[PDB]
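Working notes, beginning with the structure itself.
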Amino acid sequence: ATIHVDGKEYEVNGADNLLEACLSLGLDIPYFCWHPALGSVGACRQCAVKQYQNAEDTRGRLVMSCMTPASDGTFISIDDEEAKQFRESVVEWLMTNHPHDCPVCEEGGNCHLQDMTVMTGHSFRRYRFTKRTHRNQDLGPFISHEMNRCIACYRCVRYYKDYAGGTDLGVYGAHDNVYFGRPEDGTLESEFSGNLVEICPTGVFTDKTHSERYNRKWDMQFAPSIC
Amino acid sequence: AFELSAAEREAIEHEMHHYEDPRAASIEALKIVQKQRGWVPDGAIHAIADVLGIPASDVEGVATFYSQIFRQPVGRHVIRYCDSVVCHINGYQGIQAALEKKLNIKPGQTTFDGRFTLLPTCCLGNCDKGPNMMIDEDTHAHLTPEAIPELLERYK
Amino acid sequence: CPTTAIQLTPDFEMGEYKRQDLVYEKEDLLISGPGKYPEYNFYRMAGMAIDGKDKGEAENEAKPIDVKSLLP
Amino acid sequence: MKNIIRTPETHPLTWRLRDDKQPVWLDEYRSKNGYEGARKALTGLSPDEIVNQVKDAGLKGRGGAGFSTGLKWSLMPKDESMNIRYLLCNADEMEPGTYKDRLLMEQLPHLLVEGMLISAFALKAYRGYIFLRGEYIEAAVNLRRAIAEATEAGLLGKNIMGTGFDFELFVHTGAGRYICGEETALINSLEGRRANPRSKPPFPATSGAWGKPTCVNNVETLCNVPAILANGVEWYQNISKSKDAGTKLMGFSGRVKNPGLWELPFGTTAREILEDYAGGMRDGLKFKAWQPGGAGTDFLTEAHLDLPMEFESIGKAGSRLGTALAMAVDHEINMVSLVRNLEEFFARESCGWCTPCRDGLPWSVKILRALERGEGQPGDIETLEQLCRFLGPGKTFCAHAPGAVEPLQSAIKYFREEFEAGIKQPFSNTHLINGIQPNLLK
Ligand SMILES: Cc1cc2nc3c(=O)[nH]c(=O)nc-3n(C[C@H](O)[C@H](O)[C@H](O)COP(=O)(O)O)c2cc1C
Ligand code: SF4
Ligand code: SF4
Ligand code: SF4
Ligand code: FES
Ligand code: FES
């Protein structure tokens, strides 16, 4: 298909999502709830762009890049005023109740939420009220769990239920008191629970084995190897 | 140590007879446990999960999602007073103050003897008849703060 | 430093006989009081569980409302 | 009028209502022309013919959306292999100010049963579910007794009066969350899941409950359909000279002399209803504001009282009709507290799916609490208007948030002076460290 982003013509696939088509072109659209291997939901609204139908249009409509098909004839815009300030408002709503504990966090320089907060360009805080706190759970010797860092993007339960097939983790909660985990305290019996460290964009599900003797990502000397 | 009575199992199975998917009867199974025992304990989630076949995470999420599925232990009479806007205009702060002066508690907590549990409710659907409340599936309308002690003395 | 831990004293009277003993270890840097920032504590702002600091006991943090609670 | 004559020509719903507010059972329903439209549908009407009559009768949505049910029923697939279709009745409200279905199910259950019979034969559905609430107990008892009586009378079962159309009706009493009223979240809650809504355009008419084509309709829509099929279509177009055909259960509530519920044709203005049907308000009240729909629509001032309560007429006034159950606000009630309570209900009765509603309705709650307690700060009114601009349709996953922030829109637009007077202290988001010079911008 042929789409037009930022007043520029691009040739992307027809049956795929607009978010993955824009990310395949090297463009930058922030996202929290979409995963390439888990499909697309509307748990966040971070991938918002402004869509136009005709070649020339004034108002348009704020749509989600992970809910819009990359069809022939779409004229979407990314770095306009309204979509950028809406994405800044969404990251502001995510920092409305987020604990001030980044240097004592196992993600740190490996955190997607930091990257998408800096990418949207939000530094000034206008929230002056109290935050939201949760208790913790013991999820075995591998997955350290702490719920304060969460942004309710539903990627963990989506992976753990639809993809991994595990029957342990899930959503228990309400409007704002939404919880992601286990109804009791115990080890996650699924054999794929270790992918929650990279599935979660926040520091909720973290590597306990890496939490012991911990170092940051930039201090890590990496290598490509085989298990 | 939780177990399910025979009447609970018959009611739950008859409810799953009404639906294509046995998952659809989870809310009614939790409601049956609520009608028999007053609240949903921790073992009831696993009991409903084992009877229905769905995992315990989904049953826990259903129990913790809906407002009138109580997981904390409540009293023998759940007072559910309206917290919405029509009864706000008609006046629910007066009856809330009357309840707080009679039961000497706060909303969301139970009395020390386990006699009443005070709770706000989204709406009752009785907006035209003034302020409304429910005690033990019994509705009351056209309420006044003076009639609250008279209304509260007819419950065990 | 987000905790104002590492600081620069006005002390400059240094100089060692060996290059090996110019590497200051943990016991050579940690002093017994608050320095240029006297009344700041990071862990009163952090959200993690701390001895003497439960959840919701930090600054601008509400008490953790239970998921199973009766409040709608 | 104080005394209203309920002839069936102008009041097709409540003309058979009893004076003592007692439920009309099967014998009394059949005495007052009962199951005649159902008989016509199940004997001499094709399902496509019934769909066409509903489409051309001008019946629209009565749950607040205002979408025509004929075009809703036209979205069913034409494949005959998908014969596992479902019909759902949105008996759930939990909306402040919405109380018409309580009357419609407490004293007219057989009308709803006949409506589901007609709509299930029109949609070729084999199962119907009345999604009620746990708060409605007498209505559930009356509906179950009406279902039992209809099953005893040879209806609502297998081969209904010798047709071969098999239909079974069930009542599902929900535990209660306000988000369960929306059709996709009602479908999700019916499947025993958490009541999170679903994305569009995978429609419920193509893939709804358990992947099967479903149609979700309000109580009043299914109460208006059997009168259409029993009295005719031209009669239904010849009861009100307005673009919205049919009658609506209107009525005012909130410190009124006679807060009630009356069936009136469309195009009737709110002023005549308030002064004659509601009888005016009580002593010492000046009627400073009103809201057309119960708690989901936005406020209107006294200058908009002359507007006829239609869909399009209130649409161009920066508003919407909603459930057409009006709510009155007097000068004795501060709108800061009122809008704070509305936002509190919307914040604590939303779901936890999508970000903007999730983390903006509590923010609006806290800002309105600060304005109520006199601790308002510079940067709150513009924050609220940016919030309500960013919580419109399309920005959120479902339509709970636009209906949540519409009262914020009207309270900001009209009664701005109260919110401006709610701000006393200056801006204070950060406190000093007394070792670091602050970055005070001027
Ligand atoms: C948050 C929300 C709550 C709703 N609650 C109800 C309700 O309680 N009753 C209702 O009939 N429609 C409600 N609706 C509207 C439904 O989406 C839908 O219009 C209804 O189920 C059927 O519409 P109809 O009148 O065209 O048949 C609600 C919509 C939203 C967004
Ligand atoms: S715990 Fe992580 S993956 Fe799960 S919803 Fe929260 S931020 Fe998303
Ligand atoms: S998960 Fe939260 S606390 Fe941890 S680095 Fe990311 S933003 Fe900071
Ligand atoms: S707007 Fe979003 S969070 Fe709010 S009720 Fe709808 S889907 Fe749920
Ligand atoms: S990435 Fe599209 S809404 Fe979350
Ligand atoms: S607003 Fe109280 S009963 Fe509806």
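Lettering and numbering for the structure tokens are positional, with chains as A, B, ... in the shown order, residues counted from 1 in each chain, and ligands counted from 1 in the shown order.
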
Which residues of chain A have any atom within 12 Å of an atom in chain B when counting only C-alpha atoms, and what is the closest pair of atoms for each, with the distance in Å to one decimal? Order the rows by chain and rising number and write it as JSON lines.
{"residue": "A:157", "atom": "CA", "partner": "B:57", "partner_atom": "CA", "distance": 10.2}
{"residue": "A:160", "atom": "CA", "partner": "B:57", "partner_atom": "CA", "distance": 11.3}
{"residue": "A:161", "atom": "CA", "partner": "B:57", "partner_atom": "CA", "distance": 10.0}
{"residue": "A:165", "atom": "CA", "partner": "B:55", "partner_atom": "CA", "distance": 10.9}
{"residue": "A:166", "atom": "CA", "partner": "B:55", "partner_atom": "CA", "distance": 9.3}
{"residue": "A:167", "atom": "CA", "partner": "B:55", "partner_atom": "CA", "distance": 5.7}
{"residue": "A:168", "atom": "CA", "partner": "B:57", "partner_atom": "CA", "distance": 6.0}
{"residue": "A:169", "atom": "CA", "partner": "B:57", "partner_atom": "CA", "distance": 6.3}
{"residue": "A:170", "atom": "CA", "partner": "B:57", "partner_atom": "CA", "distance": 5.4}
{"residue": "A:171", "atom": "CA", "partner": "B:61", "partner_atom": "CA", "distance": 5.6}
{"residue": "A:172", "atom": "CA", "partner": "B:61", "partner_atom": "CA", "distance": 4.0}
{"residue": "A:173", "atom": "CA", "partner": "B:65", "partner_atom": "CA", "distance": 5.4}
{"residue": "A:174", "atom": "CA", "partner": "B:65", "partner_atom": "CA", "distance": 5.3}
{"residue": "A:175", "atom": "CA", "partner": "B:65", "partner_atom": "CA", "distance": 8.7}
{"residue": "A:176", "atom": "CA", "partner": "B:65", "partner_atom": "CA", "distance": 11.1}
{"residue": "A:177", "atom": "CA", "partner": "B:65", "partner_atom": "CA", "distance": 9.8}
{"residue": "A:178", "atom": "CA", "partner": "B:65", "partner_atom": "CA", "distance": 8.9}
{"residue": "A:179", "atom": "CA", "partner": "B:61", "partner_atom": "CA", "distance": 9.1}
{"residue": "A:180", "atom": "CA", "partner": "B:61", "partner_atom": "CA", "distance": 9.6}
{"residue": "A:181", "atom": "CA", "partner": "B:57", "partner_atom": "CA", "distance": 8.4}
{"residue": "A:182", "atom": "CA", "partner": "B:57", "partner_atom": "CA", "distance": 6.8}
{"residue": "A:183", "atom": "CA", "partner": "B:57", "partner_atom": "CA", "distance": 6.4}
{"residue": "A:184", "atom": "CA", "partner": "B:42", "partner_atom": "CA", "distance": 8.9}

Quick one: pick out all alpha helix (DSSP H) residues within segment 6-216 of chain A from a backbone DSSP run and write them as a PyMOL selection string.
chain A and resi 18-24+81-94+112-120+155-158+196-199+208-211

May I ask you to write as a PyMOL selection string all residues lying at most 10 Å from ligand 5, with only C-alpha atoms and all ligand atoms counted?
(chain A and resi 17-20+29-35+39-49+63-68+153-155) or (chain D and resi 354-355+395-397)

Please, what distance in Å, to one decimal, runs between atom CA of residue 62 of chain A and atom CA of residue 84 of chain A?
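Separation between atom CA of residue 62 of chain A and atom CA of residue 84 of chain A: 10.7 Å.
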
May I ask you to extract the residues of chain B within 9 Å of chain C, using only C-alpha atoms, and to give them as number ranges by chain?
B: 63-72, 74, 107-109, 119-122

Please identify all polymer residues within 7 Å of residue 85 of chain B, counting only C-alpha atoms, omitting same-chain residues fewer than 6 positions from it, and present them as a PDB file with N, CA and C atoms, in the first residue's frame.
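Printed below is around12.pdb as written:
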ATOM      1  N   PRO D  96     -27.004   7.712  37.062  1.00  0.00           N
ATOM      2  CA  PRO D  96     -27.770   8.614  37.938  1.00  0.00           C
ATOM      3  C   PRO D  96     -28.777   9.420  37.132  1.00  0.00           C
ATOM      4  N   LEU D 338     -21.278  19.491  42.846  1.00  0.00           N
ATOM      5  CA  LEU D 338     -22.081  18.641  41.973  1.00  0.00           C
ATOM      6  C   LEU D 338     -21.223  17.989  40.892  1.00  0.00           C
ATOM      7  N   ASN D 341     -18.956  15.427  42.435  1.00  0.00           N
ATOM      8  CA  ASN D 341     -19.628  14.149  42.650  1.00  0.00           C
ATOM      9  C   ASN D 341     -19.800  13.384  41.343  1.00  0.00           C
ATOM     10  N   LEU D 342     -20.120  14.097  40.257  1.00  0.00           N
ATOM     11  CA  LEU D 342     -20.247  13.460  38.948  1.00  0.00           C
ATOM     12  C   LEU D 342     -18.923  12.849  38.496  1.00  0.00           C
TER      13      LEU D 342
END

All residues 12 Å or closer to residue 141 of chain A, only C-alpha atoms, same chain fewer than 5 positions away omitted, as a list in words:
residues 185, 186, 187, 188, 189, 193, 194, 205, 206, 207, 208, 209, 210, 211 and 212 of chain A

Pick from A:116, A:139, A:25, A:152 nearest to ligand 4, counting only C-alpha atoms and all ligand atoms:
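Checking each candidate against ligand 4, we get A:152 as the closest.
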
Return the single residue from A:121, A:7, A:69, A:14 that is closest to chain D, with distances computed using only C-alpha atoms.
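Ranked by minimum distance to chain D, first place goes to A:69.
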
Identify every residue of chain C that has at least one atom within 9 Å of any atom of chain A, counting only C-alpha atoms, and report the result as an MDAnalysis selection string.
chainID C and resid 2:3 42:43 45:49 55:56 59:68 72

Write the residues of the preceding selection, restricted to C-alpha atoms, as a PDB file, in the first residue's frame.
ATOM      1  CA  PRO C   2      19.853  12.069  42.264  1.00  0.00           C
ATOM      2  CA  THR C   3      20.394  11.510  46.005  1.00  0.00           C
ATOM      3  CA  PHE C  42      16.077  10.361  48.833  1.00  0.00           C
ATOM      4  CA  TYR C  43      14.301   7.417  50.463  1.00  0.00           C
ATOM      5  CA  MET C  45      10.779  10.320  48.095  1.00  0.00           C
ATOM      6  CA  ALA C  46      11.325   6.786  46.758  1.00  0.00           C
ATOM      7  CA  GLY C  47       8.521   4.254  46.478  1.00  0.00           C
ATOM      8  CA  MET C  48      10.229   1.004  47.441  1.00  0.00           C
ATOM      9  CA  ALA C  49       9.709  -0.815  50.730  1.00  0.00           C
ATOM     10  CA  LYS C  55       4.187   1.489  51.257  1.00  0.00           C
ATOM     11  CA  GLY C  56       2.447   4.845  51.064  1.00  0.00           C
ATOM     12  CA  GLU C  59       6.098  11.991  50.286  1.00  0.00           C
ATOM     13  CA  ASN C  60       2.972  12.633  48.169  1.00  0.00           C
ATOM     14  CA  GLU C  61       2.070   8.928  48.290  1.00  0.00           C
ATOM     15  CA  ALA C  62      -1.344   7.691  49.382  1.00  0.00           C
ATOM     16  CA  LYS C  63      -1.882   4.558  51.439  1.00  0.00           C
ATOM     17  CA  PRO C  64      -2.198   1.412  49.282  1.00  0.00           C
ATOM     18  CA  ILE C  65      -5.908   0.772  48.810  1.00  0.00           C
ATOM     19  CA  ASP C  66      -6.468  -2.976  48.665  1.00  0.00           C
ATOM     20  CA  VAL C  67      -7.728  -4.546  45.446  1.00  0.00           C
ATOM     21  CA  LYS C  68     -10.135  -6.773  47.401  1.00  0.00           C
ATOM     22  CA  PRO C  72     -16.387   0.787  44.510  1.00  0.00           C
TER      23      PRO C  72
END

Just the residues within 6 Å of segment 206-215 of chain D, please, counting only C-alpha atoms, with nothing from its chain fewer than 6 positions along; format it as a list in words.
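Residues meeting the cut-off are residues 85, 86, 87 and 187 of chain D.
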
Dump the neighbourhood of ligand 6 as number ranges by chain: all residues within 12 Å, distances computed on only C-alpha atoms and all ligand atoms.
B: 80-92, 120-134, 139-143; D: 93-100, 102, 135-136, 253-254, 294-295, 325, 327, 338, 341-342, 345

Please, could you write that set of residues out with N, CA and C atoms as a short mmCIF file (atom, residue, chain, number, x, y, z; two decimals), in the first residue's frame?
data_model
loop_
_atom_site.label_atom_id
_atom_site.label_comp_id
_atom_site.auth_asym_id
_atom_site.auth_seq_id
_atom_site.Cartn_x
_atom_site.Cartn_y
_atom_site.Cartn_z
N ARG B 80 -26.27 0.06 51.74
CA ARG B 80 -25.74 0.58 50.49
C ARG B 80 -26.45 1.90 50.19
N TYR B 81 -25.82 3.01 50.56
CA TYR B 81 -26.44 4.32 50.38
C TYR B 81 -26.00 4.93 49.06
N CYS B 82 -26.89 5.72 48.47
CA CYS B 82 -26.61 6.31 47.17
C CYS B 82 -25.54 7.40 47.29
N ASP B 83 -24.62 7.41 46.33
CA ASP B 83 -23.53 8.38 46.28
C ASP B 83 -23.55 9.21 45.01
N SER B 84 -24.65 9.16 44.26
CA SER B 84 -24.73 9.80 42.95
C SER B 84 -25.28 11.22 43.08
N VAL B 85 -25.63 11.81 41.94
CA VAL B 85 -25.88 13.24 41.87
C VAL B 85 -27.34 13.64 42.13
N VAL B 86 -28.31 12.80 41.77
CA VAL B 86 -29.71 13.14 42.00
C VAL B 86 -30.01 13.10 43.50
N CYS B 87 -29.52 12.07 44.18
CA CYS B 87 -29.64 12.00 45.63
C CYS B 87 -28.73 13.01 46.32
N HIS B 88 -27.69 13.49 45.64
CA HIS B 88 -26.91 14.61 46.17
C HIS B 88 -27.73 15.89 46.18
N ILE B 89 -28.49 16.14 45.11
CA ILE B 89 -29.36 17.30 45.06
C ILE B 89 -30.50 17.15 46.07
N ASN B 90 -31.11 15.97 46.13
CA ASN B 90 -32.14 15.70 47.12
C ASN B 90 -31.58 15.62 48.53
N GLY B 91 -30.28 15.39 48.68
CA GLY B 91 -29.64 15.40 49.98
C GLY B 91 -29.33 14.01 50.51
N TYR B 92 -28.08 13.59 50.36
CA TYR B 92 -27.60 12.34 50.94
C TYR B 92 -26.53 12.57 52.00
N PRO B 120 -21.03 3.10 49.99
CA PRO B 120 -21.66 3.87 48.92
C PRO B 120 -21.93 3.00 47.70
N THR B 121 -22.92 3.42 46.92
CA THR B 121 -23.35 2.71 45.73
C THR B 121 -23.44 3.71 44.59
N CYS B 122 -23.06 3.26 43.38
CA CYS B 122 -23.06 4.12 42.20
C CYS B 122 -24.44 4.71 41.93
N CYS B 123 -25.45 3.86 41.75
CA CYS B 123 -26.83 4.34 41.66
C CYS B 123 -27.77 3.20 42.02
N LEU B 124 -29.01 3.57 42.37
CA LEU B 124 -30.04 2.61 42.74
C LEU B 124 -31.15 2.49 41.71
N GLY B 125 -31.23 3.41 40.75
CA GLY B 125 -32.32 3.40 39.81
C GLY B 125 -33.65 3.87 40.36
N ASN B 126 -33.64 4.57 41.49
CA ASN B 126 -34.83 5.11 42.14
C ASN B 126 -34.68 6.61 42.34
N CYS B 127 -34.27 7.29 41.27
CA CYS B 127 -33.84 8.69 41.38
C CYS B 127 -35.02 9.63 41.62
N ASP B 128 -36.19 9.31 41.07
CA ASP B 128 -37.34 10.20 41.19
C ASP B 128 -37.94 10.21 42.59
N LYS B 129 -37.66 9.19 43.41
CA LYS B 129 -38.26 9.07 44.73
C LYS B 129 -37.33 9.55 45.84
N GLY B 130 -36.47 10.52 45.56
CA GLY B 130 -35.62 11.10 46.58
C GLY B 130 -34.40 10.25 46.87
N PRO B 131 -33.77 10.48 48.03
CA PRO B 131 -32.62 9.66 48.43
C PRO B 131 -33.03 8.22 48.70
N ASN B 132 -32.19 7.29 48.26
CA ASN B 132 -32.48 5.86 48.32
C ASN B 132 -31.32 5.11 48.96
N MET B 133 -31.63 3.94 49.51
CA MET B 133 -30.61 3.05 50.04
C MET B 133 -31.11 1.61 49.96
N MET B 134 -30.19 0.66 50.05
CA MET B 134 -30.54 -0.76 50.13
C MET B 134 -29.90 -1.38 51.36
N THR B 139 -35.00 -2.08 49.44
CA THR B 139 -34.78 -0.70 49.06
C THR B 139 -35.63 0.24 49.92
N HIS B 140 -35.17 1.48 50.02
CA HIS B 140 -35.84 2.51 50.80
C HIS B 140 -35.66 3.85 50.11
N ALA B 141 -36.75 4.61 50.00
CA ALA B 141 -36.77 5.87 49.29
C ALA B 141 -37.45 6.93 50.14
N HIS B 142 -37.36 8.18 49.68
CA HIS B 142 -37.88 9.36 50.38
C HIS B 142 -37.32 9.46 51.80
N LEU B 143 -36.02 9.21 51.92
CA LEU B 143 -35.39 9.10 53.22
C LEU B 143 -35.18 10.47 53.86
N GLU D 93 -28.71 -0.28 34.00
CA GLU D 93 -28.45 1.15 33.87
C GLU D 93 -27.27 1.62 34.73
N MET D 94 -27.40 1.56 36.06
CA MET D 94 -26.51 2.22 37.02
C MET D 94 -26.09 3.63 36.60
N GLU D 95 -27.01 4.38 36.01
CA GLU D 95 -26.76 5.75 35.60
C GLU D 95 -27.60 6.68 36.46
N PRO D 96 -27.00 7.71 37.06
CA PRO D 96 -27.77 8.61 37.94
C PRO D 96 -28.78 9.42 37.13
N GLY D 97 -30.06 9.24 37.45
CA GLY D 97 -31.13 9.89 36.73
C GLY D 97 -31.89 9.00 35.78
N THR D 98 -31.41 7.78 35.52
CA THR D 98 -32.07 6.85 34.61
C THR D 98 -32.88 5.85 35.43
N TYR D 99 -34.21 5.93 35.32
CA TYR D 99 -35.07 5.05 36.10
C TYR D 99 -36.29 4.57 35.31
N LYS D 100 -36.29 4.68 33.98
CA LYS D 100 -37.47 4.30 33.21
C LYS D 100 -37.60 2.79 33.09
N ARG D 102 -36.75 0.57 35.23
CA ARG D 102 -37.26 0.02 36.48
C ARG D 102 -38.78 -0.08 36.45
N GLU D 135 -29.15 -4.61 41.70
CA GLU D 135 -30.00 -3.67 42.43
C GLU D 135 -31.47 -3.88 42.12
N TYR D 136 -31.79 -4.32 40.90
CA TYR D 136 -33.17 -4.58 40.50
C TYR D 136 -33.52 -6.01 40.90
N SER D 253 -36.16 15.48 37.28
CA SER D 253 -35.84 15.01 38.62
C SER D 253 -34.88 15.98 39.29
N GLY D 254 -35.03 16.10 40.61
CA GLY D 254 -34.13 16.90 41.42
C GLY D 254 -34.76 18.17 41.96
N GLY D 294 -29.58 11.88 32.02
CA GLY D 294 -29.16 11.64 33.38
C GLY D 294 -27.67 11.42 33.54
N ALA D 295 -26.96 12.45 33.99
CA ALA D 295 -25.58 12.44 34.48
C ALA D 295 -24.54 12.14 33.42
N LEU D 325 -33.97 11.90 30.35
CA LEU D 325 -34.47 12.01 31.72
C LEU D 325 -33.75 13.18 32.37
N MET D 327 -32.57 16.52 34.65
CA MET D 327 -32.16 16.73 36.04
C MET D 327 -31.92 18.21 36.28
N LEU D 338 -21.28 19.49 42.85
CA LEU D 338 -22.08 18.64 41.97
C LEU D 338 -21.22 17.99 40.89
N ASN D 341 -18.96 15.43 42.44
CA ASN D 341 -19.63 14.15 42.65
C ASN D 341 -19.80 13.38 41.34
N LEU D 342 -20.12 14.10 40.26
CA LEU D 342 -20.25 13.46 38.95
C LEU D 342 -18.92 12.85 38.50
N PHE D 345 -18.14 9.75 40.57
CA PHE D 345 -18.87 8.59 40.07
C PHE D 345 -18.23 8.04 38.80
#

Rounded to one decimal place, report the atom CA of residue 419 of chain D-atom CA of residue 296 of chain D distance in Å.
20.6 Å

At a cut-off of 10 Å around ligand 4, and using only C-alpha atoms and all ligand atoms, what residues come up? Please write them as a ChimeraX atom specification.
/A:42-45,174-176 /D:178-180,182,185,195-199,346-361,391-404
